[PDB]
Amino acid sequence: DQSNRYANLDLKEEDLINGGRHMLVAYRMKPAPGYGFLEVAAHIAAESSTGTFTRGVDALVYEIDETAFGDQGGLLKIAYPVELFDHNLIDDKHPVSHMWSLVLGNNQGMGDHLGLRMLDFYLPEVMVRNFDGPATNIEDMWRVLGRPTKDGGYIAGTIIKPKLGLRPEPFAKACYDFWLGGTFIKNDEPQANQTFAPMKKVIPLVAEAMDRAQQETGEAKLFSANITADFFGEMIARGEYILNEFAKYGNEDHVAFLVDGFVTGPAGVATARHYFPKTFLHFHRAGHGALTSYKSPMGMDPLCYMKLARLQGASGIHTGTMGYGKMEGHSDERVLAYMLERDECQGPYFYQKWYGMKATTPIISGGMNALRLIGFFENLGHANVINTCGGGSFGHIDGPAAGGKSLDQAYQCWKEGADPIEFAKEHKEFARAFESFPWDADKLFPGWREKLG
């Protein structure tokens, strides 16, 4: 019924993009029984904007394909005038929370559709330049590690098992054991200040373990510490406490902050981004599946969530192993990494320029090991990632330290374009990964058994 006002299917998407005055959003939408696709689409545009000088700022349906997705619905595109979006009193920037409240707010509760899912969105220059974006990313880690800041490459990481329940001294010992070979360690997403492992007991022991490993290896080590909380004053207290403990050893810039960004919401990410901009903001997505799982016809696709994380200021975020590990996996998920790290990236429906906004670094995890990293790097096109390997490190038959080394050595091998089996003859930890995971070696490198003994 509102299609006359809130729909203009004669608008051309290219004119909307070249004009630079609209945010565009593509959705998958399924009309409820009795309702027409255009009528529901126009209703969505109204609910997502002026709900009805007002004409100039109406959101407009400009494209529909009612049959695009068969029994899962059709394609819907809406243009949002940039004047709809809010501005901080302090710095005039757009809140992410506010943008979300328009393009995916009340329209998620409507009764005249059976599903409404964001697939992609386009931000014009005037909007992109008005979000925080990241302040820190892997480039700052490369600097702390003594690497080039251009293509400093791969950072070998792990997660400690059991992920929750270890008392303070056993946790610090596991950190030390790995840091004798590996580089990066993170808290588990709900590991913080439980009574059985209080923050102010475990953090001093971890700082001491870092110092010991660094003195014994001569190599710099990194720790990502959970500061998740609801209250900004608490997250400030956690971060300041942690940085001061690491500062007692000269290692304050070896600390990253883990923030469970989905369960805090954008406001919690913004607390860390604004108060601690120069501390790497490690965005943990725990819980995001409720919003982004393909099993839901609501919410948004993972690529959209990635774009929003970069705008909020994530220094790094989990992306996935892209079919080379042990999760949901296709080599074609590389677009999630590209959209996070490149200055420009083609998305499923919109080409996105980032106009110099800093990259968000992909954090790879999901049953990866040294043998698998070669194919993973080759598919991605680079190795500028952080990688947490649970079994790929502690599952090394020579121990977690050897596991960590075997991961670094996988990066060297790829970087050199060397033959993995020939490379292994001169690099023991990589060679011993073949024996640690021979099911994978038999597959990827048939013949290794004879060539390596």
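One rule holds for the numbers: they count along the sequence shown, beginning at 1.
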- Message: Between residue 52 and residue 53, how many residues of the deposited sequence have no coordinates in this entry: none, 1 to 3, 4 to 9, or 10 or more?
- Response: 4 to 9
- Note on the structure: Between 357-365 and 153-161, the record assigns the higher mean Cα B factor to 153-161
- Of the two stretches 392-400 and 26-34, which shows the higher Cα B-factor on average in the entry? 392-400
- Task: Select one of 48, 384, 387, 67: the residue whose C-alpha shows the highest B-factor in the crystal structure entry.
- Result: 67
- Residue selected from 325, 289, 297, 313 by maximal Cα B factor: 325
- Task: Can you work out whether the C-alpha temperature factor of residue 441 puts it in the lowest, middle or highest third of the chain?
- Result: highest
- Query: Sorting the chain's CA B-factors, does residue 132 end up in the lowest, middle or highest third?
  - Reply: lowest
- Query: What third of its chain's C-alpha B-factors does residue 372 belong to: lowest, middle or highest?
  - Reply: highest
- Query: If you rank every modelled residue in this chain by C-alpha B factor, which third holds residue 273: lowest, middle or highest?
  - Reply: lowest
- residue 111 - Cα temperature factor, lowest/middle/highest third of chain: middle
